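Peer 1:
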Amino acid sequence: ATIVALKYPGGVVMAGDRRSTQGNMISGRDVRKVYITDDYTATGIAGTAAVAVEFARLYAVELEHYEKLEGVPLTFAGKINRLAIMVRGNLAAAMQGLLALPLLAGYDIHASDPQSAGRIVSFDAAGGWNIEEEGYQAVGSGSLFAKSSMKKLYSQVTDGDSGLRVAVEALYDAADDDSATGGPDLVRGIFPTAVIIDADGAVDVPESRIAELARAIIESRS
Amino acid sequence: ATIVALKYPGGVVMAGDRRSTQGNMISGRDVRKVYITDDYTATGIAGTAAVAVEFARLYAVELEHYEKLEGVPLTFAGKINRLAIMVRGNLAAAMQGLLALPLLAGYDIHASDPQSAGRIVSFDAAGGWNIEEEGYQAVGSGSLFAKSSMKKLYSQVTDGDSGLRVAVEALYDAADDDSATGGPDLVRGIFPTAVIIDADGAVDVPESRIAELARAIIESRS
Amino acid sequence: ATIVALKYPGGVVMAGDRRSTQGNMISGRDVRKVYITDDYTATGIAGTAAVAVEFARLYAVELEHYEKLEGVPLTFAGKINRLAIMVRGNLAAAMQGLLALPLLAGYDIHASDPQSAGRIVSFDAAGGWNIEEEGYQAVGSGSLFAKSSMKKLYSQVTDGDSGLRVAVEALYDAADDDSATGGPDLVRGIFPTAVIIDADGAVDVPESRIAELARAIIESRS
Amino acid sequence: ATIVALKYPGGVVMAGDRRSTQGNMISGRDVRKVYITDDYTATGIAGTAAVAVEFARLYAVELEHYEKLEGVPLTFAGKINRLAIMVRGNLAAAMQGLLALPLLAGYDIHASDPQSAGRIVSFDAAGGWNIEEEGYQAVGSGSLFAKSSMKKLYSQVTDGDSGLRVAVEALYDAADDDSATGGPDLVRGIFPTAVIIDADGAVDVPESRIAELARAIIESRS
Amino acid sequence: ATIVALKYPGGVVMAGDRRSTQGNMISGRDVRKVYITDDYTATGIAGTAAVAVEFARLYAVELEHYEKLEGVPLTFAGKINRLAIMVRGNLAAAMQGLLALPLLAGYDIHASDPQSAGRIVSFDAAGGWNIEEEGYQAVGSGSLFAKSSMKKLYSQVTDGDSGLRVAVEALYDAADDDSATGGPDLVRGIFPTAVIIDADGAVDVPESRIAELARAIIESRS
Amino acid sequence: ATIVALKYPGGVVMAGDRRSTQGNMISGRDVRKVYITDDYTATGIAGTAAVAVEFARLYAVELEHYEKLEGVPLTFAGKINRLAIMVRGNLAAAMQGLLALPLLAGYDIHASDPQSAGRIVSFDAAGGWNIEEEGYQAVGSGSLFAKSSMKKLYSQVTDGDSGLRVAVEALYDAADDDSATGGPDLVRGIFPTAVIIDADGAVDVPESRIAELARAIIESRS
Amino acid sequence: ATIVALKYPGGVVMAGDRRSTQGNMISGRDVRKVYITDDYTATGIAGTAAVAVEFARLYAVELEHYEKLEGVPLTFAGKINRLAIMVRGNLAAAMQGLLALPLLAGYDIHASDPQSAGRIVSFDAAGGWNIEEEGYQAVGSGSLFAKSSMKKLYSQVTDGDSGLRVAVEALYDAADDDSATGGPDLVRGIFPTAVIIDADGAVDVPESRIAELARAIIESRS
Amino acid sequence: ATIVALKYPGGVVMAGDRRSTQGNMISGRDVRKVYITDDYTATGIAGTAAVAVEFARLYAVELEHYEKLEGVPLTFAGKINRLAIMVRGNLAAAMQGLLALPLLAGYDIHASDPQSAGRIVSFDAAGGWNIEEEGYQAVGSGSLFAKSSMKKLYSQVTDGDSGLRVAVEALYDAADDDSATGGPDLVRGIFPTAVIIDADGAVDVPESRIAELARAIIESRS
Amino acid sequence: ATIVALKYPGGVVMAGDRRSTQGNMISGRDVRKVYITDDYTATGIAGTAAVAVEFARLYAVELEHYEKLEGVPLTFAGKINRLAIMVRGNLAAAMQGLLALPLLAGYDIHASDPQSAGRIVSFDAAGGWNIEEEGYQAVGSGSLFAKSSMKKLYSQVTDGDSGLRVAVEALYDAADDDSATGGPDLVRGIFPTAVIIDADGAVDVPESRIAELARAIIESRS
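The listed protein sequences correspond, in order, to chains A, B, C, D, E, F, G, H and I. To convert, note that position 65 of the first sequence is 65 in the numbering used here; the numbers rise steadily by one, no gaps. To convert, note that position 47 of the second sequence is 47 in the numbering used here; the numbers rise steadily by one, no gaps. To convert, note that position 37 of the third sequence is 37 in the numbering used here; the numbers rise steadily by one, no gaps. To convert, note that position 143 of the fourth sequence is 143 in the numbering used here; the numbers rise steadily by one, no gaps. To convert, note that position 55 of the fifth sequence is 55 in the numbering used here; the numbers rise steadily by one, no gaps. To convert, note that position 180 of the sixth sequence is 180 in the numbering used here; the numbers rise steadily by one, no gaps. To convert, note that position 53 of the seventh sequence is 53 in the numbering used here; the numbers rise steadily by one, no gaps. To convert, note that position 6 of the eighth sequence is 6 in the numbering used here; the numbers rise steadily by one, no gaps. To convert, note that position 139 of the ninth sequence is 139 in the numbering used here; the numbers rise steadily by one, no gaps.
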């Protein structure tokens with residue numbers, strides 16, 4: 001399982017693969033791991049479908065509950081703090097074999113420069129968080145291969161389409177190197193899922209755009 | 001890793017996949033695991049390239065050494081006994097984490113009915129061996145999926161081409177269900193390797209025949 | 001023990017075997033493991049008779065209690081959530097040697113397309129749940145053999161009778177491969193139990209229909 | 001796995017089942033566990049095919065080697081002593097997880113009363129042996145059920161046919177109670193193997209006689 | 001510590017870093033890990049200076065001893081076999097905390113096509129060996145980062161200079177990602193060591209060529 | 001990770017490096033570990049960014065809460081006592097693998113001699129604290145190398161600029177000897193962060209002053 | 001215990017302290033740890049008097065035995081190899097709690113440039129050896145403090161007297177920082193022992209020269 | 001660390017050394033371990049500065065709190081009882097590696113004979129206390145050497161100056177024999193701290209008196 | 001048990017106590033632990049009577065055997081080497097609970113200055129030996145008290161009588177402080193045993209001289 005996130009001028013993009021495994025046995029082929037949590041943020045957890053959907057459900061409930069009580073949404077720092085509290089309150093269970101490390105992507109609407117308002121936040125096992133400054137991040141078992149691919153491909157990113165293409169290619173490289181990550185499935189027609197957040201909000205990327213991009217990458221590598 | 005073997009009227013066929021893994025990391029894409037050991041037998045070990053090639057090398061040396069000393073080749077039972085001795089003399093090392101379970105396919109030229117002269121022999125960890133009577137066998141981490149596929153497809157086998165096709169389809173099903181087994185790679189052009197043994201001896205199957213069969217299976221499943 | 005479930009156009013079918021074991025000793029020959037829990041759902045737990053009947057009893061009590069308090073039945077998602085809470089609240093006892101993994105089959109009456117309203121939900125040890133998209137699922141110790149049989153036989157399913165026949169044949173294959181699963185007993189006259197859920201609700205399949213289907217399968221394999 | 005032996009007036013009969021298991025998974029359906037070792041003795045080991053065939057092979061080689069060196073066959077007591085030495089020289093490996101407990105049946109030609117010349121000898125883990133005096137014995141995982149069945153059915157034994165029938169019925173009861181023992185397979189046509197030793201020597205029982213006896217037992221129990 | 005090797009048209013190149021560590025403490029800044037072992041082969045071990053120099057010394061003594069006894073040098077396969085024997089005879093000590101995994105680069109003069117005569121051989125802990133077919137390989141603690149860098153940069157290799165440049169850049173990326181690997185030291189003037197093997201034999205690359213290449217890479221990344 | 005602090009006539013200076021590691025893998029290149037906690041104190045924790053920022057956040061909240069409740073700020077001894085209570089209340093978690101040892105620097109405005117009003121306080125694992133009397137202190141994994149460098153360079157400190165230069169040189173020596181400490185990065189332009197506290201309060205040192213000082217040190221050592 | 005060695009133009013100098021400890025208890029005040037082993041080499045082991053004297057005795061016997069058998073002394077590389085064999089043949093006893101790590105200093109008379117003929121060789125626990133290139137080295141429990149002191153003081157070394165002074169000052173700093181190392185004892189009149197090796201051979205430094213140098217250092221630090 | 005106490009005619013004297021250690025590494029050179037707790041008592045704990053200062057702070061707070069509540073100071077027996085309660089309430093933490101054993105010195109103003117009113121009380125790990133009758137006591141890691149020195153020197157004590165001199169000489173002997181105890185530092189000018197309690201109360205001994213006494217002892221031993 | 005040895009002008013003296021213990025139970029009151037081993041040496045082992053007498057017996061046999069074979073006695077260094085070999089060849093048994101640490105006293109007749117020809121050699125557990133330079137040494141469980149007493153009393157030694165008196169007083173102090181050492185027994189009349197070695201050889205001290213010295217010490221301490 002691998003989720004990637006990268007920043008482009010005017011927004012941020014996040015994408016993940018679709019495989020779930022029980023040892024060496026493939027247990028799922030259509031897992032969704034990236035969820036929109038509010039109008040300007042999205043979360044991705046590298047794990048089973050249930051853990052991702054449940055963590056995203058609880059985080060979205062907390063954010064909307066605050067918005068309804070107080071009349072205004074939380075600031076980006078407040079959202080990071082609430083997520084960090086939820087992650088920290090699970091360390092004993094994580095060391096008991098149930099560890100969920102999330103990745104957060106968002107757009108800050110109160111920033112002075114809108115072209116650099118995209119944000120990426122990662123978390124560690126102890127519950128610590130870091131705002132990333134290089135422009136990309138990856139979590140999961142193929143995260144090192146994906147990060148090494150983005151390190152070489154990031155110079156080509158100039159807007160949303162280039163960023164989406166680079167994210168799909170990084171996921172393809174992670175699948176090429178690690179067997180717990182699933183590649184594009186042309187026989188069944190299953191492709192990675194992506195979310196784009198910009199000044200207008202977080203939207204889901206349609207499946208045909210991802211399919212055309214993945215097919216072009218495959219013909220390029222042939 | 002998976003090796004399959006099945007019997008058809010007039011001979012036997014054996015085929016294996018090409019993947020080697022170190023945990024969840026893909027370490028090889030072109031591993032050969034099926035080797036011709038003499039004029040009428042072939043062996044397949046589910047493991048790394050070095051173990052398969054070294055075990056096959058030692059077994060072939062033993063068989064040719066006997067043939068040169070005595071002037072005649074061993075009988076099929078003598079070959080089984082020598083292989084069983086070699087397998088038995090490795091049990092402590094196998095329980096130490098280095099276990100190699102071979103699969104043997106051969107053609108008995110001293111049988112009275114030439115159409116049923118194909119043989120398949122499997123081995124267990126303790127060193128025990130069994131001559132198979134159902135018509136097919138599989139070893140490795142995807143052996144259960146391959147055996148369940150051959151159980152349903154074996155009624156279509158009537159000659160060498162049908163047997164080769166059923167063997168390739170069983171390997172495809174094993175790859176579809178288990179991530180340590182590699183499927184046909186159309187981008188790189190890597191396909192499983194096969195050997196056919198009949199009354200004229202053991203020959204390697206050319207790569208283009210396997211490639212056409214695998215492509216037909218893929219278009220059928222699409 | 002094995003329970004299978006598959007989707008056909010217009011409904012869903014679920015069936016299980018009748019054997020209970022204490023090690024290698026047969027302890028029961030007439031165990032019922034599939035229970036109707038409300039008018040449109042059925043549950044199956046792979047285990048002893050008492051665990052299946054008690055879990056089904058508690059789940060049915062919870063569903064009817066909500067229906068009586070609120071005046072309306074829960075939605076399908078609410079039923080999944082309540083079942084997931086019950087499964088999650090048993091993880092320590094499951095790791096203490098008492099693990100019960102249920103399988104849920106249902107018909108959603110609020111779906112827009114009635115021909116695809118059948119649902120199948122599976123659970124994992126940690127309490128996670130997945131809605132299945134391939135059309136079939138199996139749990140228990142013979143679940144892999146049954147799933148490999150349904151993978152090859154699912155193209156023949158066009159309505160309720162074909163689905164029932166394919167489910168019985170998958171259970172027969174699981175019994176043929178795994179000794180903890182019991183096959184059809186012709187001497188004693190004991191056959192697997194099945195439930196069919198469609199737009200009119202969940203009904204038990206009569207024993208003579210299952211008996212005729214099993215006898216036809218046995219004569220086909222002879 | 002179960003082997004039974006019983007004494008009738010004028011000889012002895014020994015029979016075993018055909019199943020081999022790896023945990024709960026059926027690994028063999030045609031295992032032969034009873035072998036003729038010389039002209040008047042037969043041995044049965046409850047285990048895999050390889051262990052039974054190899055132990056019988058070594059014991060037969062030892063007996064024939066003595067007969068060729070000395071010009072005369074060993075006495076029955078000498079055969080028991082040699083078998084006991086072979087069994088004793090395996091205790092550490094047996095406690096290491098590889099335990100083979102044999103059962104010996106024979107006809108003593110130097111006895112004064114030919115109608116009571118049949119012998120049955122059993123062995124324990126430590127290597128101790130006992131000549132049986134009740135008329136029947138069983139080894140394996142279903143040995144208790146088979147012995148309890150022979151205790152009630154032994155009054156019907158008056159000659160070779162009755163003894164064969166009672167042995168087949170005892171094996172059927174063992175299969176009915178224990179899942180590691182295989183019953184008669186009517187779909188595949190596989191039946192237990194038997195050996196009869198009398199004043200003329202040890203002969204294999206043809207498969208059709210066993211098949212007719214098993215079918216009569218099955219119709220009786222229906 | 002990291003050693004890289006890659007194949008170019010007409011030869012092969014191998015290079016390694018200069019750092020040795022004792023935990024988090026830097027213990028050496030001028031370690032040489034790549035040694036010429038005969039006229040057409042070179043070896044690299046990822047470890048301390050003493051282990052690399054001693055293993056290379058023993059392997060070179062063995063190769064020259066054979067050449068002096070027999071009058072001819074060994075074939076490439078014979079050299080691989082001797083190295084594999086030496087590696088295999090150290091497994092217990094390797095699991096005792098002293099593991100040395102070598103990487104072999106060579107030029108085969110008896111190949112029919114001189115432009116593809118370069119060879120790269122890697123070894124695993126158990127002693128197994130593989131001839132590489134992709135064109136590059138890396139060992140050590142930064143081997144994954146170096147391999148991911150060569151995967152993207154290998155399309156630029158057309159001759160010896162390009163291959164040397166790509167090898168230096170891959171070592172730079174490994175140092176950038178892993179702290180046990182040392183980067184180019186401009187204050188002290190210490191650079192990686194390289195060896196080039198072609199049809200004329202194995203030669204050491206002068207330090208000023210490596211220094212100019214590393215300086216150009218550093219100004220490119222600035 | 002290393003933080004250094006030293007006293008000069010009229011104030012105190014504190015500086016730390018920017019590296020975070022996960023074993024031998026570099027995980028961060030821009031970590032800030034020194035934070036201004038009130039108008040006259042600064043704290044530095046050798047660890048991840050999250051631990052440093054969170055500990056500093058809690059300590060600053062406590063100090064400002066007291067100042068708002070009571071109308072006056074705490075004395076220097078009261079601040080030391082509150083910090084010691086916070087450090088002591090974490091010993092079990094520290095022995096559980098999460099140990100945070102802070103270093104405190106401050107300026108006492110109620111001292112009679114303003115030229116010696118700078119203070120440095122260190123803490124141990126058990127929670128004990130010491131006011132330092134030699135003029136410098138260091139914490140972290142390169143603290144011994146930095147302390148040995150300051151022991152030789154402290155005679156050159158006469159004012160704020162000399163103290164800043166000596167602190168940067170001590171951090172450079174720590175990075176030169178220990179691989180978990182990061183040196184000045186000229187390719188990326190990342191330099192250590194420093195804080196100066198004097199009679200006017202604690203201010204952050206601009207990045208260009210540190211950059212010029214580090215460049216002069218590098219050219220001196222070349 | 002600490003031994004230091006440094007290279008000056010025209011030779012090498014080695015010196016060690018005089019303390020032996022049993023835990024926190026001082027057990028010796030006059031231990032000699034540096035011994036002349038032949039006309040151009042000296043060895044120092046950080047440990048008890050008996051271990052140092054016995055190791056030096058055995059090494060000197062080996063060197064003189066070779067010189068008497070062969071008629072010529074060994075080369076410097078041969079001496080290093082013999083010492084490395086002796087060190088390697090003690091690893092199990094070293095891990096059993098008796099570890100002796102030697103330091104070797106010598107003058108190579110067959111070098112082309114006599115002003116750089118001094119050599120310093122260190123050894124690790126596994127038996128590996130390194131020729132040092134920086135100009136100084138230290139072993140023992142205060143070796144890090146001594147090395148950090150020599151790093152700052154080495155620019156003052158221009159001949160034998162300066163090198164001796166820097167070695168004494170480095171030992172003084174090691175004693176100042178670590179309690180297992182003894183400083184100059186002015187009450188008892190005990191000072192460190194030193195050896196100087198140049199083109200004329202290895203000689204012991206008289207005690208009054210060391211005493212005057214140590215007294216000057218003490219008055220400088222006062 | 002060592003604290004000594006001895007009784008002279010008309011009062012009592014207590015003194016301790018200034019060293020703190022972390023294993024074999026010197027961590028402090030100016031530790032104060034003897035504190036005045038009320039007008040007629042003083043306490044000394046052999047340990048770090050923080051433990052001594054914190055224990056003394058808590059004990060002084062308790063004594064003054066009683067004096068303020070009740071209007072009169074506690075008797076000497078009441079002070080011993082309160083100290084014993086505090087020591088006893090720390091046994092589990094002491095066996096967890098944090099053991100603090102105090103030594104108490106005081107002057108009893110309600111005794112009938114003022115020349116023998118000095119008191120010395122020691123404590124054990126279990127919390128037990130003893131009033132000493134020999135005239136001297138010592139705690140710490142050099143307590144045995146100090147006690148053996150006082151046993152021979154106690155005949156010279158006739159008043160406050162002789163007692164102070166004997167206490168300083170006993171501390172010097174403890175430092176001479178044990179490396180965790182620090183001796184007089186003439187280079188840095190650091191000397192042991194002492195307290196004298198007589199009929200007028202407890203006062204701190206000035207540093208120059210201790211310095212002159214220590215210098216006279218050093219010249220005597222030279 | 002305690003043995004003391006001290007050097008006086010013209011010779012050496014050695015003395016030990018007479019107690020043996022089994023835990024807290026007194027098991028012997030007349031143990032002799034100091035034995036003359038040749039004309040100029042004596043040995044003392046702190047332990048049971050049998051160990052001391054047997055070790056002394058073996059060492060004396062070895063010394064006399066050499067003297068008889070070679071015609072001359074060994075040098076003092078040769079005697080030390082032989083004793084060290086015997087002590088070293090017992091380390092495993094010593095760590096098994098049977099540890100014997102000897103103390104050697106002797107007179108060197110080949111020394112140039114006869115007034116300083118006395119020698120004292122001690123041994124450690126690992127087998128290491130040291131020639132002592134301070135003038136006295138002690139081994140056993142009361143060795144620290146005896147050494148601290150000799151440190152204060154050694155200034156009074158001017159000849160054999162003073163040395164004997166100081167040795168008896170040191171043994172008395174050891175008995176006064178440690179309960180495993182026995183003091184002079186006036187009721188039974190048992191006193192310590194002593195040996196004096198001078199230029200004329202080693203002689204046993206008569207019991208009445210020791211008795212008068214011990215009585216004078218006792219009346220002095222009263």
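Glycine included, every Cβ here is placed at the ideal spot set by N, Cα and C.
For chain D, is any of its Cβ atoms less than 8 Å away from the one on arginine 221/C?
Peer 2: Chain D, which has a Cβ nearer than 8 Å to the Cβ of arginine 221/C, makes this yes.
Peer 1: Is the Cβ of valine 51/E closer than 8 Å to any Cβ of chain G?
Peer 2: Yes, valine 51/E lies at the interface with chain G (some Cβ there is under 8 Å from its Cβ).
Peer 1: Helix, strand or coil: which one does DSSP assign to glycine 28/C?
Peer 2: In the structure shown, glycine 28/C sits in a strand (DSSP, three-state: E or B).
Peer 1: Which residue from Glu207/G, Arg221/G, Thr181/G puts its Cα closest to that of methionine 25/H?
Peer 2: Checked all of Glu207/G, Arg221/G, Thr181/G; the closest Cα to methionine 25/H is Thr181/G.
Peer 1: Just the C-alpha distance for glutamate 70/H and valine 203/H, rounded to the nearest angstrom, thanks.
Peer 2: Going from the Cα of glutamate 70/H to the Cα of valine 203/H covers about 26 Å.
Peer 1: Taking Cβ-Cβ distances shorter than 9 Å, what residues in chain G pair up with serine 179/F?
Peer 2: Per Cβ cutoff of 9 Å: no residues; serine 179/F is ~15 Å from chain G at best.
Peer 1: If we count Cβ pairs, one from each stretch, closer than 8 Å, do we get three or more for the region 43 to 56 of chain C versus the region 137 to 148 of chain C?
Peer 2: These segments touch.
Peer 1: Give me, in chain order, the residues of the same chain whose beta-carbon lies closer than 8 Å to that of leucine 91/B; leave out the 5 immediate sequence neighbours on both sides.
Peer 2: For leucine 91/B, where only same-chain residues beyond five positions count, the Cβ hits under 8 Å are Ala125, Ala126, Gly127.
Peer 1: Determine the burial state of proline 206/D: buried for a count of at least 16 other Cβ atoms within 10 Å of its Cβ, exposed for fewer.
Peer 2: Classification of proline 206/D: exposed, given that the 10 Å Cβ count is below 16.
Peer 1: So the alpha helix (DSSP H) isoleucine 218/D belongs to, where does it begin and stop?
Peer 2: 207 to 221 is the span of the alpha helix (DSSP H), which, as asked, contains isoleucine 218/D.
Peer 1: Compare the C-beta of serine 141/F with all C-beta atoms of chain E and state if any pair is closer than 8 Å.
Peer 2: Closer than 8 Å to some Cβ of chain E, the Cβ of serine 141/F qualifies, so yes.
Peer 1: Beta-carbon within less than 8 Å of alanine 199/B's beta-carbon, same chain only, minus the 5 sequence neighbours each way: which residues are those?
Peer 2: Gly10, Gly11, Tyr107, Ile109, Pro114, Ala117.
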